[PDB]
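Coming up is one lone chain in structure tokens, specifically the form deposited in one PDB entry.
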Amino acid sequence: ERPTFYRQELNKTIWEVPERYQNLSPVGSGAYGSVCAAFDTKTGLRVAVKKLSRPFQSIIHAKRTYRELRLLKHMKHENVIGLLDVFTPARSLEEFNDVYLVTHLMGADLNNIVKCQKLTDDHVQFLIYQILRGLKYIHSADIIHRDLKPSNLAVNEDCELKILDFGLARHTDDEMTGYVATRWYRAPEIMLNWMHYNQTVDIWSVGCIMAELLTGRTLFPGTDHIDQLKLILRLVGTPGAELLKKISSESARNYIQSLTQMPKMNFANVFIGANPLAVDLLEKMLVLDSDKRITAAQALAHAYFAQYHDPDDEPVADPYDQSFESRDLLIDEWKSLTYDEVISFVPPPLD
């Protein structure tokens, strides 16, 4: 009933995997887990196999593992990463210490593509169309990516795009400091802790990515947070009273009122020679007030995507029960939760 498992030490971590996974080759590790490329002999797919580093070490660890499983079990979209397989070598709940996730192997991101390929406006259209299509799906289930960047967008040779999160790491304070790609794509409200954030933080990141595809250059390469806010605000303008009032942090509100007031720039003179439709969409994405930002759903109807848009083939997600996000549980409760879900996984119909 249970497939047979086999052992292999790679980089002094033990991998126990069903025999159907062959030719395991390490691709990356990080505090939260290690990844291998593999060949699934049962489907003829090349796969990535993520083994979670100490999945139930803390409460906050055990919850995180439960969170990633649920997410990845829910996501079934062309432009979003799907789960091909999840497994444990544990034979019971008492043995359960280890969690392995299987997806389609990605190889080449948008950061590979913007660095090493001349992109036409049609290429930018197709790329941004697919992110927006994926985000419409992610957002309709109330899931927020929070970390959209070119290194989290997976792109094949026909320019076809999947949203994932490659992040194997902790997301600390220093990793966000300095001249770092980990902070260039973030919405200003979440970068600076301005207010309680929402879905539209993802849209900010899309406008950041999109700019970069049009110019082949980072839109906001801040040497630090404050220097990144000065960049942002130079492009889009210092806020007025209406937005100032919405920033819950009085301390941070006091800082943006220190700044010499600036008008929103002429985007057609920042983005010299762009499709005026690309320009227009950028101005409706890169809006400081997240209440005023265009949504994915509204963006898929923008004239800039007329060649791709089909309102009959841009689906929403199924209802996602996220009520667990507001419960306190013990490790063994998260672990058992995770376990039901492992033991319950039913494969994609081999498409």
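Heads up, when I say rigid core I mean the largest set of C-alphas that superpose within 1.5 Å between the two forms. Quick note: we count residues from 1 along the sequence shown, nothing fancier.
A second form of this protein, the form deposited in another entry, is not displayed here; the remarks below concern that form.
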So which one of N275, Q257, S140, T218 actually moves, Cα shift of 2 Å or more between this form and the one not shown once the core is superposed?
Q257
Core aligned, does the CA of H123 move at least 2 Å between this form and the one not shown?
no
Core-superposed comparison between this form and the one not shown, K246 Cα displacement 2 Å or beyond:
yes
